[PDB]
Amino acid sequence: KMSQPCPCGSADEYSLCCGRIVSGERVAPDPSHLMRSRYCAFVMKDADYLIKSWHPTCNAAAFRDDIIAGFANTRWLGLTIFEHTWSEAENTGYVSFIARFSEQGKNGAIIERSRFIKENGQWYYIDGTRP
Amino acid sequence: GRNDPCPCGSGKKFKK
């Protein structure tokens, strides 16, 4: 009735899922959590988080405006993760996902395997490859 | 390719 299920699809309340991470209250334990959290930020148009979650070498602040601009063109309709891998030895991780959306009234889906890198206890997004 | 089990779980194609 008054539930606020997380936009990531976890069946958990946002406050207790991706929301505590985007709030800064909780560090993302793994690449999957970060991916989910970034998806929620896209859905909730945060951008500041999307920049904080972007690997520092990418200089995200510089393209903040383009992130905002992107918010207006797409409507997110769902996230489905089908693969996840990570290791402390590599400080690297991967998340394969399908993100469905709508653009100009036309539906579509993204299928990508994103890479995440860890720096000082925190995971950051960096790159991607179409699996 | 597209017809291999769509990881969406639809059971057949990414098209479908």
# chains A, B, ... in the order shown; residues from 1 in each chain; ligands from 1

call {"tool": "interface_residues", "arguments": {"of": "chain A", "to": "chain B", "cutoff": "8 Å", "atoms": "only C-alpha atoms", "output": "short mmCIF file (atom, residue, chain, number, x, y, z; two decimals) with C-alpha atoms, in the first residue's frame"}}
result
data_model
loop_
_atom_site.label_atom_id
_atom_site.label_comp_id
_atom_site.auth_asym_id
_atom_site.auth_seq_id
_atom_site.Cartn_x
_atom_site.Cartn_y
_atom_site.Cartn_z
CA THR A 80 17.86 -7.31 -14.65
CA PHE A 82 22.33 -11.97 -15.08
CA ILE A 98 19.65 -5.72 -19.16
#

call {"tool": "residues_around", "arguments": {"residues": "stretch 24-41 of chain A", "least_positions_apart": "4", "cutoff": "6 Å", "atoms": "only C-alpha atoms", "output": "list in words"}}
result
residues 7, 8, 18, 20, 45, 46 and 93 of chain A

call {"tool": "closest_residue", "arguments": {"among": "A:69, A:110, A:61, A:51", "to": "residue A:125", "atoms": "only C-alpha atoms"}}
result
A:51

call {"tool": "atom_distance", "arguments": {"atom1": "atom CA of residue A:75", "atom2": "atom CA of residue A:111"}}
result
16.0 Å

call {"tool": "residues_around", "arguments": {"residues": "residue A:109", "least_positions_apart": "5", "cutoff": "6 Å", "atoms": "only C-alpha atoms", "output": "list in words"}}
result
residues 99, 100 and 101 of chain A

call {"tool": "atom_distance", "arguments": {"atom1": "atom CA of residue A:83", "atom2": "atom CA of residue A:129"}}
result
13.1 Å

call {"tool": "residues_around", "arguments": {"residues": "residue A:3", "least_positions_apart": "3", "cutoff": "12 Å", "atoms": "only C-alpha atoms", "output": "ChimeraX atom specification"}}
result
/A:6-7,11-16

call {"tool": "residues_around", "arguments": {"residues": "stretch 85-88 of chain A", "least_positions_apart": "6", "cutoff": "10 Å", "atoms": "only C-alpha atoms", "output": "list in words"}}
result
residues 30, 31, 32, 94, 95, 96, 115, 116, 117 and 118 of chain A
